[PDB]
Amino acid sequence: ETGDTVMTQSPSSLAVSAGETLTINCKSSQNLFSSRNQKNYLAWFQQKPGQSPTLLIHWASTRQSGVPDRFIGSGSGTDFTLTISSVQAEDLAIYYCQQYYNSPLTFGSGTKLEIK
């Protein structure tokens, strides 16, 4: 719908070898930064087949407890990235960005991460 915050995620799919570093991009059509608390209202989720999505990152850069420090969220305003340094076989999943600054809440279309 018009006026909704659009999340444009890229690439749609990526193929990488174990140990390499990669970055996934999320662009917002609206600013997600709250001057009140100085936080970007953007989250990153990981979803493996047959499981529910897992919250990796909130406030665009703060890892959930137990999330390895090789997941790095960065960016501000409208431009955000999720970087995986030293990718591992257990990191194979679909990754989604989502904004929770404005209603309706919206997700990126997702990035499917593969090997080879």
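Residue indices: 1-based, along the sequence shown.
In this entry, 64 to 72 has the higher mean Cα B-factor, the comparison being between 22 to 30 and 64 to 72. When the two stretches 86 to 94 and 54 to 62 are set side by side, the higher mean Cα temperature factor goes to 86 to 94. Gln9: CA B factor lies in the lowest third for its chain, per the PDB record.
Split the chain's modelled residues into thirds by C-alpha temperature factor. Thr106 is in the lowest one.
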